[PDB]
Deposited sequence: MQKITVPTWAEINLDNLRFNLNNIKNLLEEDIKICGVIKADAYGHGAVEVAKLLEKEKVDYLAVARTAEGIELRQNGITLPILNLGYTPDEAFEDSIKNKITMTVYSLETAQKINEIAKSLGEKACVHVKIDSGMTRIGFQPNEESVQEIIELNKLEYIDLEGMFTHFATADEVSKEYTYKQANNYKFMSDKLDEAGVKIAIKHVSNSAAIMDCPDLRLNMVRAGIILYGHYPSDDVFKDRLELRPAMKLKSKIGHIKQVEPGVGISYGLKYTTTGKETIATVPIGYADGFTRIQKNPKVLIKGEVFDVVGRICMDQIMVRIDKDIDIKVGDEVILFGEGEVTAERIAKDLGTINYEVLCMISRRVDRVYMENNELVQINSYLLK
């Protein structure tokens, strides 16, 4: 069944476990947006979306029009929100495929409106508020409020939602986070007061869902925690029990007498050469990767008395002491990036009840 030497194993059971533990945090009326941008953080957006439609979630979020359309082309019917920039070249496609667009200027809204009029159907949009991230969004001021009342009047636009995003909600002190929330509440209250109707207000990411049970509003945005990982070591982990879903695996391709094992995974699979202390798990024991990581393979020193043969399974992360977090720490980056590094040629294989149920090649 598996014909590639190196694959990403995704445990669908663990995803369900994570989602259900997330849902147990939430009250009945609070909506869940499943964040599945960057191919569901490396796990496979189409498949993870299929699971989310089954488990019933209220919205899907992506980072790009094309990620949105890929989901549509694969049968997905859930509302999809592009969280970021939509270039003008992609408005038509967004509207035709019912992808909800993030909007953060009146100019953008007006051009979208012309296209939606042109096509003779409404564009659904969510307004972004820059509450403290300084990334995307309207500033939280009197000027933005009027610009929003204005864009709300554009026939051929359904101003459905409004959101902001926290820059430091995974840190110990939530001061800045609540400072951001207040900037949002400013816009929320002024628009409430201006008779502008916004069905979906949302602000909470994974960190906020966990640590800030007062920031639920109409909906929350669950990303990293869906996949079985914490946004940091500083969040209240005891609130939510998680199982990581991804195991990055290869096979022992060669053995040689030190005993050196050659494994057919390299930096072009996302096992980055930058790692200063690369390690692997084999038959429950951790071993050093030795010499430079190559494009398509690495050499590992077996310095323990284990019976090991060509074909035996190697785990790069997702089990025992070899974790995406460990690699991230070695890199000086974050688990998010390690997950997203898994490259195109790495087949995603999905497990369920300990059976392989599906294998996706991104080449064939």
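No C-alpha positions are given in the record for the deposited-sequence stretches 1 to 2, 260 to 277, 385.
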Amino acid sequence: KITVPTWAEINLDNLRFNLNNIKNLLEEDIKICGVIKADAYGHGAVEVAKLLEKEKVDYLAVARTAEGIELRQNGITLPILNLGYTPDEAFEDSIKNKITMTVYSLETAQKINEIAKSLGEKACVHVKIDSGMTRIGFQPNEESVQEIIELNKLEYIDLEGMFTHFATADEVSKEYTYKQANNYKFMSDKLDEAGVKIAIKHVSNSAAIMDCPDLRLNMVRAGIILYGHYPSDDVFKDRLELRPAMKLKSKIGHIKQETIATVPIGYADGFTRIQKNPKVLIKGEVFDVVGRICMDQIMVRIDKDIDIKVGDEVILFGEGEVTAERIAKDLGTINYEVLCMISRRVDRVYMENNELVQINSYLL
From here on, numbers count along this sequence of modelled residues.
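Looking at 337 to 345 and 351 to 359 together, the entry lists the larger mean B-factor for 351 to 359, computed on C-alpha atoms.
With 62 to 70 and 307 to 315 compared on mean CA B-factor from the PDB entry, the stretch scoring higher is 307 to 315. The PDB entry assigns its highest CA temperature factor, among 82, 183, 77, 206, to 183. Annotation for 244, 231, 270, 120: 120 ranks highest, by Cα B-factor. When the modelled residues of the chain are ordered by their C-alpha B factor, residue 216 lands in the highest third. Remark: residue 53 belongs to the middle third of its chain, ranked by C-alpha B-factor as recorded.
Residue-level temperature factors show residue 25 in the highest third of its chain, judged at the C-alpha atom.
Ranked within its chain, residue 299 lands in the highest third, by CA B factor from the PDB record. Per the PDB record, residue ranking by Cα B-factor puts residue 148 in the highest third of the chain.
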